[PDB]
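Novice: To start, I am sharing the structure in question, which I have written as structure tokens.
Ideal geometry is used to build each Cβ from the backbone, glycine not excepted, and the neighbour counts take in all protein chains shown. Derivation of every value follows stated rules applied to the coordinates shown; laboratory data play no part.
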2 protein chains.
Amino acid sequence: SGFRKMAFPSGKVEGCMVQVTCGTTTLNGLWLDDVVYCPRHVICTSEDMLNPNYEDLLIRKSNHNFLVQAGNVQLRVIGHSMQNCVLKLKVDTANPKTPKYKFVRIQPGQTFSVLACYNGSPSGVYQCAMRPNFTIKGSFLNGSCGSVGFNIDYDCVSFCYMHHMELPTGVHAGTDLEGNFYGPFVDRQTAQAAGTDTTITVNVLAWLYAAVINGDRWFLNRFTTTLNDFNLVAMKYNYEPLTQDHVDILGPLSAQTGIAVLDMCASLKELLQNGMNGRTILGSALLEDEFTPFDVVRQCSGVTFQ
Amino acid sequence: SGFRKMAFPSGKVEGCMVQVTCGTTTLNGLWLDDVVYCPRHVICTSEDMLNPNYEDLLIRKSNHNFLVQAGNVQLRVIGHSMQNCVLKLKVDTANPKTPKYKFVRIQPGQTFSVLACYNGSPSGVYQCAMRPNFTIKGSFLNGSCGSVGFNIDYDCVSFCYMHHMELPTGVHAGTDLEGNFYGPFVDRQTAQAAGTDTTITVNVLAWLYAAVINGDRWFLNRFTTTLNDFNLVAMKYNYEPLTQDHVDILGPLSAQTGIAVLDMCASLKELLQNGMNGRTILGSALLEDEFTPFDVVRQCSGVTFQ
Ligand SMILES: *C(=N)[C@H](C[C@@H]1CCNC1=O)NC(=O)[C@@H]1[C@@H]2[C@H](CN1C(=O)[C@@H](NC(=O)C(F)(F)F)C(C)(C)C)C2(C)C
Ligand SMILES: *C(=N)[C@H](C[C@@H]1CCNC1=O)NC(=O)[C@@H]1[C@@H]2[C@H](CN1C(=O)[C@@H](NC(=O)C(F)(F)F)C(C)(C)C)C2(C)C
């Protein structure tokens with residue numbers, strides 16, 4: 001019993017974190033094989049960040065202008081390249097601690113762990129979801145850029161995010177490990193709108209199934225609904241539309257509890273239309289949308305990694 | 001900006017996890033130097049756990065009856081000892097991955113990270129607090145016993161908890177690394193009461209200061225209070241009494257925000273007496289008590305570890 005926001009063990013990623021300095025700007029880098037990946041704004045001064053021309057700024061930088069430090073030991077930079085919004089520094093030493101890894105571009109609604117770092121050193125780990133508006137609700141201060149988001153499948157680390165900036169609503173923006181931003185964000189210090197933040201409906205339903213498995217089922221009502229009638233209600237509350245693909249993904253949890261997805265949709269509708277009346281679900285007074293159906297199955301089954 | 005429940009990076013602890021089997025029971029062990037620490041109920045069958053006499057049960061066990069596995073390699077057990085509710089297995093190999101460590105017995109209200117494990121392998125990491133009633137609100141399934149709680153001060157791991165059992169209210173119980181239970185719990189499968197769960201007042205105040213630092217300050221009112229008048233209200237809501245020691249611990253946060261602790265107490269009083277009226281604080285619809293004043297300072301300052 002019990003249900004908590006759980007991050008993946010971070011040991012494999014800790015061994016990949018390095019500190020990257022260019023001039024007076026220092027941030028975090030990810031050292032995998034003989035390449036160090038970092039946000040390209042490491043080459044910017046505070047002034048440059050207002051309206052940077054990254055191509056012109058980078059042209060005045062040579063290999064020796066990038067200091068890469070792993071603990072107390074300096075890595076020698078033998079090449080550099082800009083790939084979208086990430087800078088790749090080729091070093092003369094392959095990271096001996098490189099785990100089995102892949103680079104992935106996740107979809108909105110999917111979750112991942114973040115190892116927040118400062119000056120190349122680990123500070124902490126937490127679980128995030130890519131919001132439907134391509135922002136994340138993290139905790140990042142100045143110097144946290146370069147910190148990465150990842151998932152782990154047994155012994156393989158799938159890197160999916162690199163932190164770049166904070167938007168005016170307090171939420172965060174970043175890229176995949178090919179340097180392409182999630183969302184319409186740009187790496188420039190200018191006013192940027194995130195857009196309406198919608199609730200990840202399939203995740204809320206997954207979390208309601210987690211509540212049932214844990215014995216918390218006061219919210220289960222005597223009604224059922226249809227996909228179209230549920231979506232008419234969901235769209236009023238800025239909930240993402242539910243599709244037959246989401247219904248299928250919920251299949252294991254539906255079969256475990258004996259509760260049809262459309263019956264759970266009717267209980268969700270009543271929670272949206274009536275609130276929780278001072279009550280809680282899994283110790284929460286709000287409907288939680290940062291647990292995917294996979295996260296629920298994993299935590300309820302005790303899936304382990306190498 | 002942003003405020004999340006953050007766990008310590010788990011790499012140093014991952015390198016210490018082993019699998020311990022005795023007969024048909026398998027659980028997690030912690031391998032530090034040439035000793036493996038694990039819950040003594042590893043020697044029990046399902047039947048034994050109803051009313052065990054650990055001393056008689058252990059007397060029928062020899063070194064060769066304990067299989068200790070680190071990954072795929074078997075460790076040789078050359079000695080065994082029962083210390084309160086933990087079993088210590090002396091092995092012939094010192095763990096090469098042993099970090100700098102200490103064993104500590106934490107106080108109620110203090111927080112720590114848990115690396116939940118199954119069969120000696122890491123599953124995930126989350127942050128917990130030792131409740132005033134000496135229970136934790138974790139997420140543990142059968143086989144998670146032996147998983148540990150720890151804090152990290154730069155490069156030193158302070159182990160403070162080892163998981164043993166789940167109480168009927170869904171909360172968990174365990175020991176320090178000397179095998180002494182936190183609370184009045186015993187390692188026997190019998191009805192056990194946790195006692196009233198009170199709110200960690202100094203932690204709620206710390207989290208209110210975190211909200212202010214992050215720009216979330218709708219709740220700040222025009223009132224102040226006294227320690228005795230606040231405590232008369234707090235005790236009605238099952239809040240722990242606030243002392244001058246707690247006021248002093250809040251000092252850095254009080255000085256950073258310019259908000260006196262007694263002024264913050266008056267705003268807390270109004271939140272307890274009026275609720276939050278459908279509003280949230282740091283994305284939460286309840287008053288959060290699992291962030292100590294130290295956790296707030298650390299997350300707001302970006303403290304890092306080796
Ligand atoms: C990199 N270490 C920081 C991390 C920021 C600092 C506060 N919390 C974070 O996540 N990244 C930046 O400073 C980036 C950087 C220039 C400006 N910047 C911002 O995050 C700014 N944001 C924006 O201008 C906005 F709103 F468009 F997102 C800031 C105002 C400082 C929060 C570049 C190159 C994008
Ligand atoms: C060890 N792997 C498990 C972990 C439990 C299983 C469910 N979630 C957990 O945290 N520990 C146990 O099975 C311990 C073990 C015997 C009984 N037990 C319990 O946790 C039981 N609890 C109690 O009897 C109670 F209420 F007193 F706490 C159980 C009913 C199985 C939840 C021993 C030796 C204490």
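Novice: With labels modelled as points extended 7 Å from the Cα through the Cβ direction, what inter-label distance (nm, one decimal) is found for A:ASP248 paired with B:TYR237?
Specialist: Result: 4.9 nm between the two label points.
Novice: Still on this model: Please check which bits of segment A:9-41 a label hung off A:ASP92 would reach, taking the label as a point 7 Å along Cα-to-C-beta and the cut-off as backbone N under 18 Å.
Specialist: A:33-36
Novice: Right, next: Specify which residue in the list B:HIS64, A:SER284, A:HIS164 is farthest towards the positive end of the charge dipole of the protein assembly as shown, using unit charges on the beta carbon of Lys, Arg (+1) and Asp, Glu (-1), about the Cα centre.
Specialist: Among B:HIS64, A:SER284, A:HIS164, the one farthest towards the positive end of the dipole of the protein assembly as shown is B:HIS64.
Novice: For the residue pair A:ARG76 and A:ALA255, what label-to-label distance in nm results when each label sits 7 Å from Cα along the Cα-to-beta-carbon direction?
Specialist: Going from the A:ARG76 label point to the A:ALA255 one covers 5.7 nm.
Novice: Provide B:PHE219, A:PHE103, B:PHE230 in ascending order of the number of other Cβ atoms located within 10 Å of each residue's Cβ, fewest first.
Specialist: Least crowded to most crowded, the residues run A:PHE103, B:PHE219, B:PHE230.
Novice: Separate question: Short version: ³J(HN,Hα) in whole Hz for each residue of segment A:16-30, in order, from phi by Karplus 6.51 cos²θ - 1.76 cosθ + 1.60 (θ = phi - 60°), x for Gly and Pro, what are they?
Specialist: 9, 6, 10, 9, 10, 10, 9, x, 9, 9, 10, 8, 8, x, 10
Novice: Please give the residues of segment B:90-115, grouped as numeric ranges, whose backbone N is less than 18 Å from a label point set 7 Å along the Cα-to-Cβ vector of B:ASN63.
Specialist: Taking a point 7 Å out along Cα→Cβ of B:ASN63, the residues of segment B:90-115 whose backbone N falls under 18 Å are B:90-95.
Novice: A further question on this structure: Please sort by residue number the chymotrypsin sites (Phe, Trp or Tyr not before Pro) in segment A:106-199 whose DSSP state is loop and whose Cβ has at most 10 other Cβ atoms within 10 Å.
Specialist: Those that pass, being in a loop and sparsely packed, are A:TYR154.
Novice: In debye, nearest 20: dipole of the protein assembly as shown around its Cα centre with unit charges on the Cβ of K, R (+) and D, E (-)? Walk me through the numbers on the way to the answer.
Specialist: Values: 44 positive and 52 negative charges, 80 e Å.
So the dipole magnitude of the protein assembly as shown works out to roughly 380 debye.
Novice: Also, quick follow-up: I want the local charge near A:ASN238. Using Cβ-Cβ distances under 15 Å, sum +1 for each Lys or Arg and -1 for each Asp or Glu among the other residues.
Specialist: For residues surrounding A:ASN238, the net value is 0.
Novice: On to the next question. Apply the a/c threshold of 1.5 to the C-alpha gyration tensor of segment A:65-171 and tell me whether it is rounded, prolate or oblate.
Specialist: Numbers: a/c = 1.77, a/b = 1.45, b/c = 1.21.
Because a/c hits 1.5 or more and a/b exceeds b/c, segment A:65-171 counts as prolate.
Novice: Still on this model: Enter the mean number of other protein chain beta carbons within 10 Å of the beta carbon of each residue in A:136-144, as an integer.
Specialist: That works out to 4 on average.
Novice: Kindly flag which residue pairs out of A:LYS97/B:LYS61; A:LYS5/A:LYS102; A:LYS102/B:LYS12; A:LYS236/B:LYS269; B:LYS12/B:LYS90 have an alpha-carbon separation exceeding 31 Å in this structure.
Specialist: Pairs exceeding the cut-off: A:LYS97/B:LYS61; A:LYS236/B:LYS269.
Novice: A further question follows. Projected onto the charge dipole of segment A:145-256 (+1 at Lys/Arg Cβ, -1 at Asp/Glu Cβ, origin at the Cα centre), which of A:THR224, A:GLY195, A:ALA210 gives the Cα projection farthest towards the positive end?
Specialist: The one lying farthest along the dipole's positive direction is A:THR224.
Novice: OK, next. Hey, got the average number of other protein chain Cβ atoms within 10 angstrom for residues in B:116-123?
Specialist: Rounded to a whole number, the mean comes out at 5.
Novice: While we're on this one: List the residues, sorted by chain then number, that are 5 or more residues from B:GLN83 or on another chain and whose placed amide H is less than 5 Å from its amide H.
Specialist: Placed amide hydrogens put B:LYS88 under 5 Å from B:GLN83.
Novice: If you filter segment A:136-236 for trypsin sites (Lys or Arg not before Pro), then keep DSSP loop positions with at most 12 other Cβ within 10 Å, what is left? Please report the intermediate quantities before stating the final value.
Specialist: On the way: sites: A:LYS137, A:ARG188, A:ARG217, A:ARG222, A:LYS236; in loops: A:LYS137, A:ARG188, A:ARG217, A:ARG222.
Passing sites in segment A:136-236 are A:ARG222.
Novice: Per-residue HN-Hα couplings for segment B:186-193, Karplus 6.51 cos²θ - 1.76 cosθ + 1.60 at θ = phi - 60°, whole Hz, x for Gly and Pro?
Specialist: Taking θ as phi minus 60°, the curve returns 10, 8, 9, 7, 8, 3, 9, 9 Hz for segment B:186-193.
Novice: Something else now. Residue by residue through segment B:63-77, which ³J(HN,Hα) values in whole Hz follow from phi under the Karplus form 6.51 cos²θ - 1.76 cosθ + 1.60 (θ = phi - 60°), with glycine and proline marked x?
Specialist: These are the phi-based 3J(HN,Hα) values: 3, 5, 7, 10, 9, 10, 10, 10, x, 10, 9, 7, 8, 8, 8 Hz.
Novice: Considering only the label points, 7 Å along Cα→Cβ from Cα, what distances in nm to one decimal separate A:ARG188 from the same position in each other copy, shortest first?
Specialist: Output for A:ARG188: 7.2 nm, nearest copy listed first.
Novice: Which of rounded, prolate, oblate describes the protein assembly as shown, given a ≥ b ≥ c as roots of the alpha-carbon gyration tensor eigenvalues and a/c under 1.5 marking rounded, otherwise prolate only if a/b is larger than b/c?
Specialist: rounded
Novice: Further, regarding this structure: How large is the dipole of chain A about the Cα centre if only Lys and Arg carry +1 and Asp and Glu carry -1, each at its Cβ, rounded to the nearest 20 debye?
Specialist: Here the size comes out at about 380 debye.
Novice: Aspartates and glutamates near B:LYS88 by alpha-carbon distance under 13 Å, same-chain residues fewer than 8 away left out - which ones?
Specialist: Qualifying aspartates and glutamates at Cα under 13 Å: B:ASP33, B:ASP34, B:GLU178.
Novice: Sort out for me the Cα centre separation of segment B:11-34 from segment B:36-80, rounded to whole Å.
Specialist: About 12 Å separates the Cα centre of segment B:11-34 from the one of segment B:36-80.
Novice: Here is a follow-up. Quick check: residue separation of A:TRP218 and A:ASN180 times 0.36 nm, minus the Cα distance between them. What number comes out in nm?
Specialist: Separation in residues times 0.36 nm, less the Cα-Cα distance, equals 9.3 nm.
Novice: Quick one: Debye curve from the C-alpha atoms of segment B:31-91, no solvent, what's log10 I(q)/I(0) at q = 0.19, 0.20, 0.28 Å⁻¹?
Specialist: Computed log10 I(q)/I(0) values: -0.70, -0.76, -1.28.
Novice: Now a separate question. Report the Cα centroid-to-centroid distance between segment A:139-214 and segment B:228-261 in angstrom, as an integer.
Specialist: Measuring centre to centre over Cα atoms gives 35 Å.
Novice: Then there's this: Based on the mean of other Cβ atoms within 10 Å per residue, sort peptides B:262-271, A:163-172 so the most packed one is first.
Specialist: Per-residue Cβ counts within 10 Å, averaged per peptide and sorted highest first, yield B:262-271, A:163-172.
Novice: While we're looking at this one, here's another question. Hey, got the dipole for segment A:74-165? About the Cα centre, +1 on K and R Cβ, -1 on D and E Cβ, debye to the nearest 20? Working shown, then result.
Specialist: Working: 9 positive and 3 negative charges, 30 e Å.
Charge dipole of segment A:74-165: 140 debye, to the nearest 20.
Novice: Here's a follow-up. Can you tally the net charge around B:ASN133? Count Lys and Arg as +1, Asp and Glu as -1, for every other residue whose Cβ sits under 13 Å from the Cβ of B:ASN133.
Specialist: Neighbourhood net charge equals -1.
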